[PDB]
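K.L.:
Sequence plus experimental coordinates follow:
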Amino acid sequence: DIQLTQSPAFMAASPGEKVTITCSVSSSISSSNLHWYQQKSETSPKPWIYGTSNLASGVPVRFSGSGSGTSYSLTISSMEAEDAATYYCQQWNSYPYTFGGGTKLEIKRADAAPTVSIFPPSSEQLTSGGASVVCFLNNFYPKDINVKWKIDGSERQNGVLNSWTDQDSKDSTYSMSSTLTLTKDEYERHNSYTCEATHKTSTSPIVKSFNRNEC
Amino acid sequence: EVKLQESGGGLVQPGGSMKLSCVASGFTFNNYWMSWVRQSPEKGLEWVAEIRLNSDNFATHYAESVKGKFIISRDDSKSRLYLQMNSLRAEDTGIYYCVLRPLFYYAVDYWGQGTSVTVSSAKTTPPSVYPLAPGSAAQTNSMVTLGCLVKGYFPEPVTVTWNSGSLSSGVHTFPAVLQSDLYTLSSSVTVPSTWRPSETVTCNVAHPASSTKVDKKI
């Protein structure tokens, strides 16, 4: 085993800042065999830097790479919003070719309250068998959020499958879903079906909820 | 210049065999090297194999936990680069990237896009899409949220468009989950202020292990 590690793991950059994620070998290899890759959520490693200072076809020229010895870095002149990837380094000196843990950048924004939503079960599904009250929660920022589904007071957290999103590209906010999933006997069994959402931006929670529009 | 397309992915009872592929276009680059890199959430990226053509026909090299198990092979005559993996286990599940670099003094290597390989003991199951019109009032300002819940399918590759992919503005597909060797994932589109003659909105779905549902709102 031959080891590269990246200082640091997660960053946070205001648009217009200057970022530098370093990378570093365990044994002195040579500048000219340390490639740098960029991967944007939902796709594959995109050859960013070759050599220790060569940019690949397309890499904007506000980007900068350099090093010699054990510490190679990467630096972005003016952080902008499409640099929000996860970058990784790589060693093609001696087999085996190893890679960095990969540094994750992300782009800093102004706090913003989400657009909660709570669609009840779907005609189709109910009369198939089970049935789940699905609450979306869109466009919030930051991702340091938590949520609960209480039906008639007693928060009833047993099936709640919370799923998130990586940053937007237009707006740059997170968005998440969570699914309460119940056996239908537990379903007719109640009415006040509420989705309270708590996030740094409104000390008075958000609570879209449904009693009955269907039956 | 390049065009690398890899085929063959899927899912195998553990122990199962496979044969990833990818065929080179543009190249006839006298002297290159090619190799398979793989990425799963557990391990991030890992150089798995590599055949090598400096000009000696074949020289191969593998690693800590792949040798014995797979063998790179490729013939220029064939234009293709084959990668048979045997005795597979959980660990090996991931996306296999097929990257070829030429030994010019300098330039950079290329990569393709991958395919999932899923080593699971289980069995395939199709999705049960469901529509998600609103309830009795979508209120947060002028605009509306509609969505699709996709409960219960199994090999992981999946795809969800909104209306034959024509309308992107505000789609949010979500990373799938797993609870009981089964996935459930759902997306969402916020259209314009006017609840429209929802009549147009259709949530199309794709799933390689035999399906393609579709949908409508209330």
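P.N.:
Yep, that arrived. Residues are numbered from 1 along each chain as shown, chains lettered A, B, ... in the order given.
K.L.:
ok now do the spatially most central residue of chain A, which residues does it touch?
P.N.:
The C-alpha lying nearest the average C-alpha coordinate of chain A belongs to residue A:166 (C-alpha atoms, centre = their mean; 3.0 Å). Residues counted as contacts of residue A:166 (C-beta atoms under 8 Å, 6 or more residues apart in numbering or on different chains) are A:41, A:42, A:174, B:175. C-betas here are computed from N, CA, C, even on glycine.
K.L.:
My guess is residue B:7 contacts residue B:22. True?
P.N.:
Yes - here residue B:7 reaches residue B:22: they are 7.3 Å apart, a contact under C-beta atoms under 8 Å.
K.L.:
For these two, indicate the residue with more neighbours.
P.N.:
Taking neighbours as other C-beta atoms under 10 Å in any protein chain shown, residue B:7 and residue B:22 compare with residue B:22 leading, 26 against 12.
K.L.:
Got phi/psi on the residue in chain B that chain A sits nearest to?
P.N.:
Closest residue of chain B to chain A, C-beta to the nearest C-beta: residue B:136 (3.0 Å). Phi and psi for residue B:136, reported as degrees, to the nearest 10, are phi -140, psi 0.
K.L.:
now residue B:164
P.N.:
Torsion angles, degrees, to the nearest 10, at residue B:164: phi 30, psi 50.
K.L.:
go on, residue A:103?
P.N.:
Dihedral angles of residue A:103 (phi, psi; degrees, to the nearest 10) stand at phi -90, psi 130.
K.L.:
what about it, neighbour count?
P.N.:
Per other C-beta under 10 Å, the neighbour tally for residue A:103 reads 22.
K.L.:
same check, this time on residue B:196
P.N.:
Residue B:196: 12 surrounding residues under other C-beta under 10 Å.
K.L.:
Torsion angles phi and psi at it?
P.N.:
phi -90, psi -180.
K.L.:
Could you give the separation of stretch A:17-26 from the chain centroid?
P.N.:
The chain centre lies 21 Å from the centre of stretch A:17-26; the measure is C-alpha atoms, centre = their mean, to the nearest Å.
K.L.:
make that stretch A:167-187, sorry
P.N.:
Computed by C-alpha atoms, centre = their mean, the chain-centroid distance of stretch A:167-187 equals 15 Å.
K.L.:
Ok, stretch A:181-194 next?
P.N.:
Put simply, stretch A:181-194 sits 31 Å off its chain's centre (C-alpha atoms, centre = their mean).
K.L.:
what does it contact?
P.N.:
Contacts with stretch A:181-194, where a contact means C-beta under 8 Å, 6+ apart, come from A:118, A:120-121, A:126, A:129-133, A:149-153, A:159, A:161, A:207-212.
K.L.:
list the buried ones in it?
P.N.:
A:181, A:182, A:186, A:187, A:193, A:194 (16 or more other C-beta atoms under 10 Å in any protein chain shown).
K.L.:
Tell me which of the residues you listed fall in helices.
P.N.:
When helices are assigned by DSSP state H, the members of the buried residues of stretch A:181-194 inside them are A:186, A:187.
K.L.:
Same list, the buried residues of stretch A:181-194, but as JSON lines with distance to residue B:12 please.
P.N.:
Shown next, in JSON lines, are the buried residues of stretch A:181-194 (distance: C-beta to C-beta, whole Å):
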{"residue": "A:181", "distance to residue B:12": "30"}
{"residue": "A:182", "distance to residue B:12": "35"}
{"residue": "A:186", "distance to residue B:12": "38"}
{"residue": "A:187", "distance to residue B:12": "38"}
{"residue": "A:193", "distance to residue B:12": "42"}
{"residue": "A:194", "distance to residue B:12": "44"}
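K.L.:
Nearest to residue B:64 among the buried residues of stretch A:181-194?
P.N.:
Closest to residue B:64 out of those is residue A:181 (41.0 Å), distances taken as C-beta to C-beta.
K.L.:
From residue A:135, how far off is the closest one?
P.N.:
Distance of residue A:181 to residue A:135, computed by C-beta to C-beta, to the nearest Å: 12 Å.
K.L.:
Also residue B:123?
P.N.:
Distance, residue B:123 to residue A:135, by C-beta to C-beta: 31 Å.
K.L.:
mind checking which helix or strand residue B:163 is in?
P.N.:
Counting by DSSP states H and E, no helix or strand carries residue B:163.
K.L.:
burial measure for it, as a count.
P.N.:
Neighbour count of residue B:163, defined by other C-beta under 10 Å: 17.
K.L.:
Check residue B:35 too.
P.N.:
Applying other C-beta under 10 Å, we find 23 residues neighbouring residue B:35.
K.L.:
For residue A:90, give me its contacts.
P.N.:
Residues near residue A:90 by C-beta under 8 Å, 6+ apart: A:4, A:34, A:35, A:36, A:37, A:97, A:98, A:99, A:100, B:45.
K.L.:
Wasn't it part of a strand?
P.N.:
Yes - residue state for residue A:90 (DSSP: H, G, I helix; E, B strand; the rest coil) corresponds to a strand.
K.L.:
Looking at residue B:123 and residue A:135, which has the bigger crowd around it?
P.N.:
Taking neighbours as other C-beta under 10 Å, residue B:123 and residue A:135 compare with residue A:135 leading, 27 against 11.
K.L.:
picking that back up, what's the residue nearest to the centre of chain A sitting at in phi/psi?
P.N.:
phi -80, psi 160.
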